[PDB]
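What follows is one structure encoded as structure tokens, with my remarks underneath.
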Amino acid sequence: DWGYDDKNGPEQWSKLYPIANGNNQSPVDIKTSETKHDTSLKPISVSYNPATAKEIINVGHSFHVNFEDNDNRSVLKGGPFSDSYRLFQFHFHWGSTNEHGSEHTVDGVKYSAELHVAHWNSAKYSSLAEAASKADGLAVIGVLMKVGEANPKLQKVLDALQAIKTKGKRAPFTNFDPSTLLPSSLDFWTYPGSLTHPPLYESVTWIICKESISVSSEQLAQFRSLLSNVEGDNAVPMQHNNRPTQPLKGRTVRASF
Ligand SMILES: Cc1ccc(CNC(=O)Nc2cc(S(N)(=O)=O)ccc2O)cc1
Ligand SMILES: [Zn+2]
């Protein structure tokens, strides 16, 4: 099936997922001279309950931190939305070296990693599964991670990785509020786009923070030292999991600032 290597990677995805060549694909390069300031954009409001943190899982190409999503204890509001969106997961993307690793780029500049905080439209839909294929179904906050000082807010996450080293391993991950990972300013860009890996549904309203957060070279190494193989097999480090930027195809990136 799909991955990030030469044979199964982003350039091959269109063979089973033709939507890969769609008109609302993500990530994109944000050109700041081509952005349109939108006065109707409200501030982003996040209110997450640390009791909704559930589990951390090695999914082979990445790792996920999942949240209980049965009620509105943890929600995203404001920005371009009238609907309340329910938190379900966060995860990261990174690259082979510090030079690249973000999915979104800003004026052609690649960052070292990217944090995704993902939510589903619980005002309109009854489940993640229902919401996932709907144009207004998902909302994902993207935060660009710039290599520099060690980020202490990443500590619980990084400390958890030793228990989920190989594909399929999972462990409880509780009492964590991922708004602690967000930058202090929530000034943002927004555009209509997609999941950045299969099944690549054009169901995401992207909220990309203007301000980066930090990550050290050694914290990035921790991500890359996760293994994509199952326990007992030859070790295959998770070297990278970022998709190349995709054509805007006439979409407008709006700015809240
Ligand atoms: C069958 C079924 C596929 C998908 C989804 C919704 N999606 C996710 O639960 N996660 C996800 C996030 C991204 S991303 N990197 O854009 O945040 C890319 C691909 C994904 O599958 C629900 C059900
Ligand atoms: Zn992602």
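In this chain, residues are counted from 1 in sequence order. As the structure lists them, so they are numbered: ligands from 1, and atoms in each ligand from 1.
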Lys/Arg N to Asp/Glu carboxylate O, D107 vs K31, below 4.0 Å: no
Presence of N, O or S from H197 under 2.8 Å of the Zn ion (ligand 2): no
Salt-bridge criterion met for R73 and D71 (N-O under 4.0 Å): yes
Residue part near ligand 1, for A129, under 4.0 Å between non-hydrogen atoms: neither
Reported NZ-to-CD1 distance for the pair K77 and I44, which is rounded to 0.5 angstrom: 12.5 Å
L76 side, atom CG; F81 side, atom CZ - distance, nearest 0.5 Å: 5.5 Å
Closest approach of any protein heavy atom to atom 11 (C) of ligand 1, naming residue and atom: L195 CD2, 3.9 Å
More than 12 heavy atoms from other groups under 6.0 Å of NZ on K165: yes
Which N, O or S atom of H116 lies nearest to the Zn ion (ligand 2), by name: ND1
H93: its N/O/S atom lying closest to the Zn ion (ligand 2) (atom name): NE2
Which of the ligand 1 atoms, numbered from 1, are nearer than 4.0 Å to a heavy atom of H93: 15 (N)
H197 N/O under 3.5 Å from ligand 1 N/O: no
Numbered atoms of ligand 1 (with element) below 4.0 Å of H116, judged on heavy atoms: 15 (N), 17 (O)
Ligand 1 contacted by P199 (non-hydrogen, < 4.0 Å): yes
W206 to ligand 1, any heavy atom closer than 4.0 Å: yes
Heavy-atom nearest neighbour in the protein, as seen from atom 17 (O) of ligand 1, with distance rounded to 0.1 Å: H91 CE1, 3.2 Å
Donor-acceptor pair, side chain of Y17 and main chain of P199, under 3.5 angstrom: no
Nearest-neighbour protein heavy atom for atom 15 (N) of ligand 1, which is reported as residue plus atom name and distance: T196 OG1, 2.9 Å
Chi angles and distances behind the ring-ring contact (aromatic ring centres under 6.0 Å, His included) call for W94, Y111: CA-CA 9 Å; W94 59 88; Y111 292 88; over 10 Å; no
Distance flag for atom 1 (C) of ligand 1, protein heavy atom under 4.0 Å: no
Stepwise side chain to side chain donor-acceptor pair (under 3.5 Å) check, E114 with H93: CA-CA 5 Å; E114 187 168 326; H93 299 260; over 6 Å; no
Mutual orientation of the aromatic rings belonging to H104 and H116 [parallel < 30°, tilted 30-60°, perpendicular > 60°]: perpendicular
Which residue and heavy atom of the protein sit nearest atom 22 (C) of ligand 1, plus the separation: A132 CB, 3.5 Å
Heavy-atom nearest neighbour in the protein, as seen from atom 9 (O) of ligand 1, with distance rounded to 0.1 Å: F88 CE1, 3.5 Å
Validation row: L200, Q25 side chains within 4.5 angstrom (heavy atoms): yes
Sub-4.0 Å protein heavy atom next to atom 5 (C) of ligand 1: yes
